[PDB]
Structures are given as C-alpha cells and as structure tokens.
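Just so we're on the same page: letters track the sequence lines, and every chain starts at 1. Below, each value reflects all heavy atoms present in this structure, side chains not excepted, and no hydrogens, waters or symmetry copies.
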Amino acid sequence: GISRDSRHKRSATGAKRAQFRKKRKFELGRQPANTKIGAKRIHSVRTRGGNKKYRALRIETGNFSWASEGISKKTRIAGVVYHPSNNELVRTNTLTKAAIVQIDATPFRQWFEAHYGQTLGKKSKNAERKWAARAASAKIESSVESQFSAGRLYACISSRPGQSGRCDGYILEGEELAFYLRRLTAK
Amino acid sequence: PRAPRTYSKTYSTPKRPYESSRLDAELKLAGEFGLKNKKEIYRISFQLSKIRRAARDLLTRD
Amino acid sequence: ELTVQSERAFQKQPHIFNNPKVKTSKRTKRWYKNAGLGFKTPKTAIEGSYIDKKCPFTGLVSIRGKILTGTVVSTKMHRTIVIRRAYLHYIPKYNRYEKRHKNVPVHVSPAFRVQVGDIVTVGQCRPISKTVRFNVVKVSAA
Amino acid sequence: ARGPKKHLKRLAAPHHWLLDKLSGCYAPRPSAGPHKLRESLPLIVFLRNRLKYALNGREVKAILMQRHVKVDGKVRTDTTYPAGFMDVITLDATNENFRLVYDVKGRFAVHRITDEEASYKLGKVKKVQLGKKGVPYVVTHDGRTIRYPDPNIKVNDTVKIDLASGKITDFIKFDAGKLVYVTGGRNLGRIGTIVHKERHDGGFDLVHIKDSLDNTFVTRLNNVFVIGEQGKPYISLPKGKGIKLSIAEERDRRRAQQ
RNA sequence: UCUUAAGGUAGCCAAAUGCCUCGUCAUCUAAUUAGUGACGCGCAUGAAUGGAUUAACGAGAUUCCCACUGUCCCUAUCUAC
RNA sequence: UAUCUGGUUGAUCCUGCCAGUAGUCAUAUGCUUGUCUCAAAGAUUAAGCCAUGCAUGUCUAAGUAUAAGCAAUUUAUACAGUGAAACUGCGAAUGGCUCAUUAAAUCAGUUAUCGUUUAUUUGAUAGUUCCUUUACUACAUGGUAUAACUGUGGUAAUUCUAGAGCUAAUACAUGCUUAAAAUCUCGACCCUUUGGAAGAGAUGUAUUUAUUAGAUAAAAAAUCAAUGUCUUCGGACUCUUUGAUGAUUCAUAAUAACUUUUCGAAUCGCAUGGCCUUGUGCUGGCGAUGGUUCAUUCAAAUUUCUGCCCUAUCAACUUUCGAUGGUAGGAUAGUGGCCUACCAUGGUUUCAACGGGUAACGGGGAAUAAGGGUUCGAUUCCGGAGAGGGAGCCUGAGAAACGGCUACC
RNA sequence: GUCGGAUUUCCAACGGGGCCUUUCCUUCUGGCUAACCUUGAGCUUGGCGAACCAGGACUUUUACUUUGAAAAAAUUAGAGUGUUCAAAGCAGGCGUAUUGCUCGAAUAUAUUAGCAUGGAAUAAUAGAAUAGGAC
RNA sequence: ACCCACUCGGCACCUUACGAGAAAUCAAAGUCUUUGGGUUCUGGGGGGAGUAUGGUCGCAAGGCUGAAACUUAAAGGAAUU
RNA sequence: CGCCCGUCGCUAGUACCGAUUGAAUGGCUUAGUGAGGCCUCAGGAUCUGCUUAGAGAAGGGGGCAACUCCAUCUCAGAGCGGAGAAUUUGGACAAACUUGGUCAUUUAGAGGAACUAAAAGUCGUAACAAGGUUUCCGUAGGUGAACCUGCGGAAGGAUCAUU
RNA sequence: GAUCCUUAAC
C-alpha cells in the first residue's frame, strides 16, 4: 500500500507540505518480490490497463548469455555472490539486477567442448573443416580457461525479476569481471 | 448547469439627488412631454451618456 | 576523478560492451550523441573516462523544452550545481520593477570544469533527481 | 477525475458550432472519432441547426439509424459522430454531397460538391513511419493510415484518396510556391500560398504565406493544409475562397443586399 | 481635638503570630477541623525587638500527585537463633 | 459620466476627522406589493444530524430460452413473434451537489513526455497456432458445474439464502483445421582438399538477456593466415544504404536463447444464383464481438517558466534517523529520495527562508465610470477536492469510489 | 480636367527602401545561372554559388520597445435584427407566395509570463596591460 | 600688524517677494496641480496609551518594540478685535 | 463673578492580571498498543483427467464338465495430478488510545488593579496674565491631591536690545 | 506677602 508521490515529502527548502489529497490509485506502489532460489513460482498481478506483471519468487532456472557470442542458454543458478548496493541481499540470496552470481554453466561447458573441443587441465570431415574455418581463436586468455575449468561462472543478472519473472543475465567478460573479482578478493 | 440570462440596468440616477435647477428641468421636461415618472428621463440620460462615452472613446483617435 | 571505479558497482554505459577478442585501433569505444541546438561536445568529453549516466552527451538523457542560463552560485555537490536566474518582476500598480531571483538546480557533467562566478547555460530534460530538471550544455567562462 | 468526461454542456462547446444558450443546457459531445474534439463537427448539430433537415435530436438519431446519411462513403451510425475537416458526406436521397470545409469566418459552413469531388478526398500526412514487418506507412490528419506510400512523400504533404481504396491516388509535395489552406486560430479559413519558411529548431516552426491579394501573414506548420498548386485548387472552395475580407466592406454589402 | 510623644507608613496575614474559628470565598476530594490561593477594623502582624521577597541548600515542619509496595482488605508460608 | 456641503470659533484661515452623498451578479428587515418577459433562491452560523419518498441501468433482425405466460405453422417439423425471469457484455468512475482541507499547494497562461495505456472510436495489420511435426487431428469441429421451476423452511429480521434433479457457454481449461522463395544446424562420399548432398527440424508478433545494423562530404600502391560477390580473373564491383526533426541505445529489421505460452469465429440475425458422375455434395453477401497490434481522437499521470493575500509580537530553517546530491536496487504504466542500502554534506533564506493567520478552493469574472486604482469572486463556465474523520482494497481500461466493500471513532 | 463627384509627364515632409566620401554590411561545398564577358541576322553552345533552400558553424549578454499565434465561451464596446422599443436572444429577408432563393451569428483588451521578429537610442556586464592579444 | 579690492570655505544678520505658506513667517519652509534630481526615517481625528501582552536589553530605575476592547465631535495650528 | 486640575465619594461598561501542577478542541511530535485491508514463508477442509491387479465370473470360443483375455454389479493398494474455502509465520499501508512538549485557538475562575462615561459632591487651586514661585522637558526623591524640590536642558518667555 | 473660591451649558 506504499505511495510514490512527492506530495508527501518535504519541500526543497524544508517546508512541510499539508495534506491536500488522499492517496490516489496512479501513485500506488507495491511490495518487492524478494525472489529466492528453489522451486520456481510466478505470480501474475494485474496493473494499470491490464498489463499483467510476473513477480519472480523462489525462481530457480533462468537464461544466461555469453557476451562475445550473442549465444544464450537456459541454465540453473547456484546463488548470488555479490550485489552492489547491499551485503544483506548477498547473505539472504535474493535475485536483483546488476547482482553477480555463480552458475554451474555446464551447458556452456559442453557447448564449448562440442564447438571447438579444446580440453582443459593438464572426427568427421565436416567437423574438421568447421574447426579449420573457426580455428586460431581458442587462445583468448587464461582467466576464462580457469573459470571454465573450475566450473562456476560469474554472471550478472540484468533483467528485473520483479516485473517479468525472469532472472535473465549475461556473463562477466573483461573489465566488469576483473572489477568484481578484485572487489570480492579485496580484503 | 443552465447558461445565465444576461440583464442590465437602463437608468443611472444622478449623484446629486436634490438640486433646484436639475429637479425643475427634469420635472418640466416630463410634464411637457407627458411623462409620469422620472424613470424615462433617467434611462434616456443613461443611454445618452453611453453614446457620449462612445463618441469620446471614438474621437480620441485620429 | 583519479579513479573512475570508486563505486561498489561497475559504472558502464548501458548496452555497450567492447569485444576484447579483436585487437583494433582505439580498442576502447565510447558512445555520445548530439544534443543539438548548436552546442558541441567538449573535446575532453570526447576521450574522457567518466560515465555520468545522466550526461546530455554520453548519458541517456535528452534535452527538450526550455533553454535557460545563469551564474553558478554553489558547486560543492556532485555532478550538479545550482544557478541564480536574476530577473525583474513588474508591478503594474507602481509602474516599476523589483529584483527577484530563482535558484534552479541543474546537472553538470564532469566534462565542464564549473565554478562559482562562472556563466552556464542549461536545458530542460527528464526529471533527473528530486529537484534537478536541467543539465548544463555550455560554459561561457574562460 | 476517476475517468473520462462523457458529457458536455453549453458555454463550453467550440465557437464554430454556434449553439443558442437557451433551448438546451447541454452541448452534443463528439464521440471518439477521426478528428479532435474541438476542431471537428458532429452530425447532430449539422442536421438540426446547420441544415434543418431534421428539426429534433430524436429525428436525427432516427434518420442516422435508418441508413440515409453516410460519411466518407460509410454510414457511421453514431449519434454524435465527429466529422472532421475536409470530410465528405454523401446523402444518397436527393443526392446531397456535402464537404466539411472551413469558411472564411472560421466556422464549418455548407459546401456543395459534385459527384467527382464527393467521391475523392485530400489529406495532410501527419507522420511517415514504418510499422510491423518493416512496411512503410503514413498517418494523415484524420488519423487514417495508408500503407505502401511512395518514398518521395514526406511530412506535411498532401495525399489524394479515391474512396474506393486506401491507396493514394496522387501526391502533393510541400515546397516553396504552393497553395495552402490554414485551419485554426485567427488565420482559420484562409488560403496562403507558402513562399518561404525558417527552421528554428526546438519547436513551433512558423511559415510566411502571401495569398492571391498579396496579403502576407505568418502561421505555424500544424495550422496550414497544402491543398494544391498555383491557380487551380485540388478541391472546390466555398464562396469567398479564403480571403479574409477587410472588416470595412460587409456593411456596404449588407446595405446593398439587405 | 484628648490622652502619656507619635498614632501602624511600606509591606504581610486565620501566617510557626487570629480569641471568636472547623472565619468567608475559590480550588483540591465522592466526602477535607488538613493544603493552597484570595479577603482582612488584624483578640494580639509590621519594618536591623528588622518588614517583604528570594535562587541554591536542608537526616527541619506540612499538603497533593506519579511510582512502589503485606500499611491495610486478610492473612498465609519459609529460613536461622 | 475629473462635483462636493454641514459640524471646532465672537467671527477668520487651516490641518483634521466626524457626518452627509451616490452605487453594489452583497445580504437582511420593515412599510408596501396588479401584470410582459425574467430568474438568483439553506453562502456565511452547522462540510450538523436526518423521519419519509426518488435519483443507474441496459439490448437489437443479430450473446444465451422449454416456464406448463400471450398469440398463430394452410410458409419452416428442432424452436425460430413478444417474451416475464436468470446467466454473460458495457456501464454504474458519467451526471449533479458542496467548498471542508488547501498560501509555489491548487490554479491561469506556457511548455514536454526522446519519461508514460490503447476495449472503448477510426484505417490498416497474421496461407509461419503442419509445434515427438506425414495415421497422434473429428474439421462440415471435442468437454465440466449452475441460476427459474419442484419443497415439508425461517424470524421484529436483510437486495439472506445450502446440500437434491437436468438446462446455455462469449463462465472456463484444449489444439489440427487453406504452399513456399530464401537461410542455419543435423545428417551416405568422391580417398583427399574450386566443395558438398538425400532427407529432418527451426524462421509472425505478445516479456526478457546479450550481439548487430541503422554516419555516401574532394583524394593514389603494394604481402596480408584466407581472393567477399562472378569471372575476360591486369578483378569490372557498379546497383554497397533502411528513413524524418535538434540528435538518440529512435523506428525498424537481423543473430543465439526466451514463455512457465499472450496470442489469430470450436460465435449470433438475415439469402439460398448457378456446377454437376441426383451428394444432409461443389459455392457464394449484409450487420456486433476479442485477437498481434500499428498508428487518430475521448483522456490521465508526471512535468519546464512565471505568477498568490495578511503577518518579524516568526531569522534562521531543513538530516523520525531523507534533508541536498551521487551509485546500485526495488516499486510504479512510466523518470524521480517515490522507497532501501552505501557515500559526501549539502539545500533554502533579509530578493523574507521556515513559522503563524486566512470570517482563503483558484481562474475566466463582478461592482469605479477621468486616468491610476480598491474590494470580493462559495455560485450557472473551466481546473481541483470531498461524500461523517482519517486508513485499506477488489472489480474495472479508467475509483483509493462511498446511491462498492473492509475495519476503528 | 470625364457619360452632390476627384487622376496626375512638378514645386511640400517624407512611415520608408538602397550605395558612397577610412562605415570590414559575417564560411566552403550548388544549383535552372545574378545586376546574364555569351550578340549566330539588333528563344542564340563558357563573370564572383547561401536574393529562396541541405552539411562544417561565428547565434558572447540583457533590460526595453515594434510585430505575429495565446489567456478558452457567456461576461465588454459593439456590425445588423417590428423578441410591438426592447432589456434580452440570434435571428431573419426576398418570391414564380402551388414548387423556391439568400445575407447572416465578425474585430480589440487577448489578467502576469515563455515563443520566434525589425530597432538599438536609454543603464550595466564583456573584451588587449608584468599581452598565453587578432589576423 | 593694519588699509583697499577679489576669491574659496564657514557661524550668522537687513529688505522687499522671484516664489512659498493657513498664517506666524521662510534664500529656504523657493524652483510642488505648469505635480517626477537621489535616498532614509516618521504620521493618518482626540483619547484609552507609550498602557496590556509577548519579546528584547538593564543590577535596578527603566530603555527599545508595541496593540486591542472601549470611549468621544471635536481636540488642535496661525491671526482678529 | 472665566476657564480649568487631581485625589477622594455614587452607578454602569470595557479590557487586563489571577491560585486553580485550570479545562476543551486542533495540530505536529519521542517511546508504546494496535483493528482491518495487502504481499508473503506455511497449511490443508473440499472438487476428478489418465493408466492397475485380488475379485463370485457371467456371455460368447478350442473338449462343450474342470483347462482361458473383454467393458465390468466393488473396495485400505501407485503416481503425474490440477483447482483449493478455513487457519497461520514474516513483512509493509497503517484507521483508533496513553505517557512529554513545538505550539494554534476557544473558554471557566475567588479575587486584584486600571480605564472610560454618567445636571447642580467634597477637599484644595496646579496650569491658562510675570496665573500671583514664568512655563515646559528628561531624571531622582518626597507628597491627601493637584503637586513641590534637586540637577541639567528649552523658549513654545516676561529679554530678538549695552562698542 | 497673604488679592483662596464662584448654584450649570445655551
């Protein structure tokens, strides 16, 4: 039943405004999703002019995309590891935009193995020609190799689970990934 | 709801109420033109003053 | 200023990610737009490392409506400053004027180096903050 | 106010309708239609005060139901259908071909057109765009849209519709030296013959127009309506041809033909 | 004017000073010989036999209130000696 | 319609007020009071409370009928005319009343949404609903309860009603119902490198992620790891573009994934010309509806600029612990301290901030008639607001609704 | 001067519009070619492009004043009107009076302020001074 | 140090009225109905009343700010005999 | 033989102060309580769409007498189930009641002290003339009362005047 | 140097 009008707030100088209107419909807000992990459940809430809103709550499996490939796969998420506004959100494992999370991303692991086949650690002519065409690009760098070998990928959720019920996201690649890993290890 | 119906007054009374010269002039005019009350002379004076105001606001320009 | 990433979050222009896979000249890419109406983006804003998601040139805001101008009166609060619009209110009873003024708070991008006693021009835009509704588009001082 | 206003009273209706204050404490509210609430003419006042073809609102609604009055070739069984500028009304009985065109006094007055002009129509293209499936289309002043337009046509041009299909019969480009019709304001009901214009980026471009009497005034872009080239208009004009006669002449005209 | 010289001025008061007297009025209470504020022909107030007031202080005297309670309704039980 | 006179003195000239004078979309009261138009009329005090009666319901040829209601087939054999009732649909958020709160609030003018809905209306917009994809599909088309009526029931009592019997689904879950051009992944080999093909699936928008495109201004040569189009192969390369305003991460198409699937007659009234291998076959128009929507009106929210009465016996105010700004997030139809977390200390003010008063709703307006001005404007129009006081909410596109509910007083 | 009416092969002041005596009155790309060097016999093949229009910009400031949309409709002055004058309110009039025809319902303040627009007189700000000053 | 003249700046004096004013009078109290050089302060009939209250300064006396209820037709200025 | 001042006498009216740790109403506000609607972790009355064996074994087959699938006149037995009224953890909007006060008003109050206005009151004459001590101002003291006196000031003085 | 006062205005 919260409100979103400015008529309840103090003036820029500090003048206390009087009560001129009762709370109105267009200035309503409603309680946050605080979506969690486990046993997906989606609630549909009817808003101004129909416009059904899907409130994520305990959503488990989302969709996540690679940056350089434009390639997205559905995958489960292990749970949030950082959130830029709060640490209590990190602790209670809620999903919000611009939060970095760990994902198993074995869909991406098998995807890379089936696409290029360069193993970590330590046959058909069509596939040989395909690899010859798309070769000389699997020596990008070492951080992505280490992340893939560990098997827990750092992906930032960028959608709003409290509107569309989708913890859709993009993996961290390059500058943002370096920033967040430095942040988590900075102690 | 309804549109108001516009009315207006037709006579403006003289500011000085009792002076011999004006009182006798209006009385003689009414009596010799066969009028019963001063409403006629007041209303025609109001109209004549309206016309003279129009003429003044007209001739004040080139 | 010294550090761009002092924030907890990663400040980046939305929907702009630069592919490191290739190695091309000027590997960093930055996005900007012409606010129009004759104002030109500073050549220092051309290569600057700031983000200012509300900037009229690099951010996502757009300028439309009223173009105002005034002298900055205080510059102690971040990415935004307030100016004095000193005008004369006419009093038809006494046929004379009187000096009134309004402090309109507006937004300054890090591209411009503003100060008190400097003259700036601002443009009406989408509500940026509780009070801010303008961004500076040009500085007339030197 | 908890929802749209559905009524409309006298003293609030637009001036170009000219309703007497008495004989009704409400003013026919135009419905949702093809043209704005103000700069449009509902059929009820046209048929009760502008024509006297039906002397009462019940009668007008009856004749509007029983399919004797059709607008734009379509019957439009709406008791207060808002008929817009340069719209065509075809009354099959008695062959009454009306054009809803602004007179020189700034009102909608009866205008007689023949079969050809009651058949065809003009329109100001309001915005060129491309919609679903990448189809180019344009939206005109009546809100009517047409798809697949010639890419030559741009904003603030004229398009001619044959009334058999939404396809554009002919196009009129907006450029220097073109006869224009201005609808709105104090210039309402005038022919302008645009000559030169200025941009003034930011909004509200104004254009200088000098008519066939070499009288030159200025009006905004949304107010004018380019109707044809020099000389022959692409629609017939009601008496006057949009000239704004000097106020000093109609008294002589009335004293002659009075 | 008389008596012994002057005749109680500022103040203050049923005051630790008032007989009558549990004075009269107001307030506090359900109810008040109590308290406080007023009144004052004050048995018998009163100006360094100091008058009036006064913040702070007080194991000084008095009234009301909040808190608290076996003071009481109305007693009961327990420990040591 | 630029007007003054009486009163201070024994008399005078003055200041000065008192009084007189005239008018009120300013009331009231008294004396009085026949009509032609003519109309204000519980406004001040009491936005106090109400006995009683009414003010929102509604349908066509065309959403659903069997009441055992009315009437008749010389034209339908299953009604097809009204149709009381009841279920669905759209309202009832319009209108009207009052002026309580309200002093940068509202409001007037001016701006903007490049920051935000689309049934209502208008024009147009799905041969991609073959979705374990060639015997799982019936496409001249599959299902589940139920309101009148039937009853032995109710009280000072409700616009109260439950279990029994079948009825209609546009009440609600389902999916096939009318081809591709072209592209990517699957998937036999010439034994080899100028390269694949039989056949399979995928390509509409409705939500989201990530990547693209969406800049032709005058200008010349050479290896590139691999010629990009097709061949005279000293490469001609032309047609490389899809577009406006001040420009956009605009519109818009494209790439890999998205849907727990949001979608595209499983409807009603009106004709029946012709093709025949004479079949409950082959065809075909006029009217409402949701659909992806695109865009136009009816709008609503937020909104830039300026402007509001009397007060200093209100001078400093603003941070419950958001006050100013920033980052990130959530919520909203949307931007935004609208709300949360973190950071710095800011923001307004003698050009009157903050506070108090308002017998203060604002404007278009009314009254003066020299000019200038003064006072009011609840109220016939517009913009707000409220339905006894705040608070909350369902439904609905649109109510914090009161002739709608949920509580307290 | 022409079958109660008025045009001018000049003497008055000029709202005004141009160029000149130091008055420098502001881009490069462009146009059917501009005041056109084209002249074939006095529709005829070659001056400096923004007098109108597209991209690079130099719009440094005001106040003021003159314009042009805008403060909605009644309400204001008012055009017109045998609502008998009328206040009002928009009518109504002309006939072939059995069929028909037609003028009408405009203009100013548009209560402050923003928007483009000619001027720049009246009061400031601004320039180049131990020259990082302009070409 | 005096005398004569000139000048600047002063404290001031005589006459008319150029003017002003109700007059007394005034070289300013003039250049103000032929009304505008700049600017500050104060007043709006006589009382109640410089009172009450709230502030504020003072040791106090008091100072500064400063009402209203109510009452009244005059109170006042300058001159005439 | 004019006017005129103040104190004390009588009547009325007006406001002011005032014990009552006064009262009421209205904000706004620290710490508390808190209906109800709302989102939510839980909760499960109550409604069936699909398949199965253990059945007396009908009625129909190969002998016609035992040896055998079929829908079934049934029930503690397996899931995918999907709708779900009660109730209930956490959380927000948050109506109504206390304890303190910014503060805004309205109002009761024993008494006190003023002011104003009432035909001929008393006591004295303070000012108006040099008003009989010129008057006035500020300040301080005194005093039945006007008022008197000290100090400084003013002329609005009773002097525009002593080369 | 006592010469203090004058039933109430018109």
Check: Counting heavy atoms not belonging to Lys76(C), are there more than 12 under 6.0 Å from its NZ?
Finding: no

Check: Would you say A210(F) has OP1 or OP2 under 4.0 Å from some side-chain N or O of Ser158(A)?
Finding: yes

Next item on the list: Would you check if the distance from the ring center of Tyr97(C) to the ring center of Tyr90(C) is below 6.0 Å?
Entry: yes

Notebook entry, point to check: Is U75(G) on the north side or the south side, where north means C1'-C2'-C3'-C4' is positive?
Noted result: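 It's north.
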
Next item on the list: Identify which nucleotide among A116(G), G246(F), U335(F) has an atom closest to any side-chain atom of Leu206(D), counting heavy atoms from C-beta outward.
Entry: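 Given the options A116(G), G246(F), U335(F), the side chain of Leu206(D) is closest to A116(G).
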
Next item on the list: Name the pairing partner of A344(F), where a pair is Watson-Crick or G-U wobble with both distances under 3.5 Å, or state none.
Entry: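 Pairing partner: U324(F).
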
Item checked: Pair partner, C128(I) [Watson-Crick or wobble, under 3.5 Å] ->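 Because both required distances fall under 3.5 Å, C128(I) counts as paired with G2(I).
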
Same-atom distance ([atom1]) from [N] to [M], integer angstrom:
| N | M | atom1 | result |
| --- | --- | --- | --- |
| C36(F) | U379(F) | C1' | 28 Å |
| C26(H) | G36(H) | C1' | 25 Å |
| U340(F) | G34(I) | P | 24 Å |
| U17(E) | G40(E) | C1' | 15 Å |
| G392(F) | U102(I) | P | 31 Å |

Note to self: Between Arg220(D) and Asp205(D), does the salt bridge (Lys or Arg N to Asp or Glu O under 4.0 Å) criterion hold? Intermediate values first, please.
What the structure shows: CA-CA 6 Å; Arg220(D) 291 140 148 165; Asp205(D) 306 37; over 6 Å; no

Can you see a Watson-Crick or G-U wobble pair between [N] and [M], using both distances under 3.5 Å as the test?
| N | M | value |
| --- | --- | --- |
| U242(F) | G57(F) | no |
| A100(F) | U194(F) | no |
| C339(F) | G403(F) | no |

Margin query: How would you summarise protein contacts on nucleotides 182-196 of chain F per nucleotide, using B for base, S for sugar-phosphate only and - for none, with heavy-atom distances below 4.0 Å?
Written below: ---S-B-B-----BB

Next item on the list: Mark up nucleotides 77-86 of chain G, 5' to 3', with B wherever a protein heavy atom is under 4.0 angstrom from a base atom, S wherever such an atom reaches only the sugar-phosphate, and - elsewhere.
Entry: SSB-------

In whole Å, I'd like the distance from the [atom1] atom of [X] to the [atom2] atom of [N].
| X | N | atom1 | atom2 | answer |
| --- | --- | --- | --- | --- |
| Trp66(A) | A257(F) | CH2 | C1' | 15 Å |
| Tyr81(D) | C298(F) | OH | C1' | 14 Å |
| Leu88(C) | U61(G) | CG | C1' | 15 Å |

Note to self: By the 4.0 Å heavy-atom rule, please label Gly169(A) as base, sugar-phosphate, or nothing.
What the structure shows: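 Sugar-phosphate only.
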
